[PDB]
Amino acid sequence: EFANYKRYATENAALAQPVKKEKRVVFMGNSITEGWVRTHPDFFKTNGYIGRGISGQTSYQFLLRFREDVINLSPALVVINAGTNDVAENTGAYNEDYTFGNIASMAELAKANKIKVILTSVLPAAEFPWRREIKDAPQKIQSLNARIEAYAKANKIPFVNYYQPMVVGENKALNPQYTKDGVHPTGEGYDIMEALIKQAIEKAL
């Protein structure tokens, strides 16, 4: 229930077993990844990328559905975007050790199953509209991102920094040019992300 295996169960079963030449790519994420597919479906169709994002989910939920929504899809590569809802405390108090640990566990599971990994930055957010009591999201996001990047460097995992071209000001907000609500990217925001992730995927394969 909690992991929401039901969301992609029918679609996973409907997916044919892949061949190595089709270079299957799976995107693991929350609303930023589920919304990516909804907003620019042609980016995923054109490039042969599979979206496995679920709105509101944390890295805890990602870890539990990781074997079903990634490993069992036999992809050549997985993109992992995780942490936004963890900092927003969607499933409990925020603990960087646990959230980072879940990202490292997913990276380790994918590599154990001979799947290439691309780690990514949690997008900047000055605050979360669904939980405005959290006042230190920029500090938490910045600390989690440096930990993800250091772990990626230590394990020769490509790290895609969506955060660096998307952040603005002292409050470390998501650039208003790329968002309307300060968390979710608009089409213009997704265009920045697309250029970076397409390039990193193509370099790895």
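For every residue, the number given is its place in the sequence shown, counted from 1.
Note on 102-110 vs 118-126: mean CA B-factor is higher in 118-126. Look at the mean CA B-factor for 161-169 and for 34-42 in the entry; the higher one is 161-169. The deposited CA B-factor of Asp97 belongs to the lowest third of values across its chain. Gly29 sits in the middle third of its chain by CA B factor, as recorded in the PDB entry.
Residue-level temperature factors show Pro176 in the highest third of its chain, judged at the C-alpha atom. Annotation for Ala154: CA B-factor lies in the highest third of the chain's modelled residues. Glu194: CA B factor lies in the middle third for its chain, per the PDB record.
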